[PDB]
Amino acid sequence: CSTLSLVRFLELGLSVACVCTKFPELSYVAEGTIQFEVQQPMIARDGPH
Amino acid sequence: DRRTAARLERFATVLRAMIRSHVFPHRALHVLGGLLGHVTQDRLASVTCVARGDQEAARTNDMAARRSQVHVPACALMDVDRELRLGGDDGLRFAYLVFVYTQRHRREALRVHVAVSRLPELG
């Protein structure tokens, strides 16, 4: 006969490229977003302008 | 500045052309206030002048004379009342910058003055 080499996902090295979260209400959610906010640094020039 | 006298000559020719072409310089020179400050690069400046209120409400970055006054070349300042002999008594007087045109083709010029008086209506 022959066995079946089982594999799990969290043991792979690939898991570190993504954050996995169970969300058992996903079948209900309409379009969902995520909000960023970034603030660029600035440097002080001088002279006329 | 370089080449300055030449530029003054050319500007003279410009204004004399302006009056000849019946587009008068008073329709080409709006007046701002008196300058107080400036920062200059090489041949590029940023002047700063008052626009309302009294001059000495400002604050110049000289540190020898923080406040200032208003300076006008006395050669051009033409008083009126003492000129017209109104017999009046000097109180608060207005200040008018006036232009004087003269029109004779290829022989014409412009005269400037700064006039003070109590007269609200020159006319």
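Residues numbered from 1 in each chain as written, not as in the entry; some residues may be left out. Chains lettered and ligands numbered in written order. Part of a larger assembly, values for the part shown. Heavy atoms only, no water.

cryo-EM is the method the PDB entry states for this structure, with the resolution given as 4.53 Å.

S.K.: Explanation requested: the pattern of salt bridges in the structure shown.
M.R.: Any two side chains of opposite charge can pair, so long as their charged atoms come close to each other. Applying the stated rule across the entire model yields 3 salt bridges over all chains. In this structure, the salt-bridge partner of A:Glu11 is A:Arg8, at a minimum N-O distance of 3.6 Å. B:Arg20 serves as the salt-bridge partner of B:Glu108, at 3.1 Å between the closest nitrogen and oxygen. With B:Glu108 in the loop between β4 (94-102) and β5 (109-117) and B:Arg20 in helix α1 (residues 4-20), the pair connects residues that are 88 residues apart, well separated along the chain. Classification of B:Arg20 by relative accessible area gives partly exposed; the value is 39%. (Salt bridge = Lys/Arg side-chain N within 4 Å of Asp/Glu carboxyl O. Helix = DSSP H or I, 4+ residues; strand = E, 2+ residues; numbered from the N terminus. Buried < 20%, exposed > 50% of the residue type's maximum accessible area, 1.4 Å probe, protein only.)

S.K.: Is there a simple way to explain the layout of surface pockets in this structure?
M.R.: To find the voids left in a structure, one rolls a probe of water-molecule size over its atoms. Residue and element names in this part refer to chain B. Space inside the largest pocket adds up to approximately 1300 Å³. Taken together, 34 residues form the lining of the largest pocket, with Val 31, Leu 32, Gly 33, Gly 34 and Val 70 sitting closest to its centre. Breaking the lining of the largest pocket down by element, the ones donating at least two residues are β2 (44-49), β4 and β5. Residues that form the lining of the largest pocket fall into these classes: 22 nonpolar, 9 polar and 3 charged. (1 Å grid on protein atoms, 1.4 Å probe; cavity = no way out; pocket = protein on both sides within 12 Å on 5 of 7 lines; lining within 4 Å. Points joined across faces, edges and corners; volume = space filled by probe spheres on them. Nonpolar A, V, L, I, M, F, W, Y, C, P; charged D, E, K, R; others polar.)

S.K.: Sorry if this is basic, but what is going on with a positive patch on the surface here?
M.R.: Residues and elements named next belong to chain B. Taken together, the side chains of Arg 2, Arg 3, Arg 7 and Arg 43 define a basic patch exposed on the protein surface. Mapping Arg 3 onto the fold places it in the segment before α1. Judged by its relative accessible area of 42%, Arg 3 falls in the partly exposed class. (Patch = residues over 30% accessible without salt bridge, like charges linked within 9 Å, V, L, I, M, F, W, Y side chains within 5 Å. Areas by Shrake-Rupley, 256 points an atom, 1.4 Å probe, with all protein chains shown as cover. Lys, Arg positive; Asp, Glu negative; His and termini not counted. Charge placed at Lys NZ, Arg CZ, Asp CG, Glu CD.)

S.K.: Looking at this structure, how should I read α1(B)?
M.R.: Given 3.6 residues to a turn, an α-helix orients residues that are three or four positions apart in the same direction. Its 17 residues place the ends of α1(B) 25 Å apart at the C-alpha level, agreeing with the 24 Å of an ideal helix rising 1.5 Å per residue. B:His22, located one to two residues past α1(B), shows a positive phi value of around 55 degrees. (Expected span 1.5 Å × (residues − 1).)

S.K.: Explain the sheet that holds β4(B) here, please?
M.R.: Whenever strands of a sheet pair, they do so through backbone hydrogen bonds, lying parallel or antiparallel. Residue and element names in this part refer to chain B. Read from one edge of the open sheet, 3 strands run β3-β5-β4, paired in mixed fashion. Where the open sheet ends on each side, the last strands, each with one partner, are β3 (77-79) and β4. The average undirected angle you get between the axes of adjacent strands in this sheet is 35 degrees. Inspection of the sheet shows β3 paired to β5 by 3 bridges, in the parallel sense. From the neighbouring strand, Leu 77 faces β5, where its bridge partner is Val 114. (Pairing = 2+ DSSP bridges. Axes fitted to C-alpha atoms, helices over the stretch in contact; angles between N-to-C directions.)

S.K.: I'm lost on unusual backbone geometry in this one. Help?
M.R.: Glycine aside, the phi torsion of most residues is negative, and most peptide linkages are trans. Residues and elements named next belong to chain B. In this model, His 22 sits at a positive phi of 55 degrees, which is unusual for a non-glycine residue. Mapped onto the fold, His 22 is located in the loop between α1 and β1 (35-41). Positioned with a positive phi, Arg 85 is a non-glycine residue whose angle comes to about 55 degrees. As for its position among the elements, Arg 85 is in the loop between α2 (81-84) and β4.

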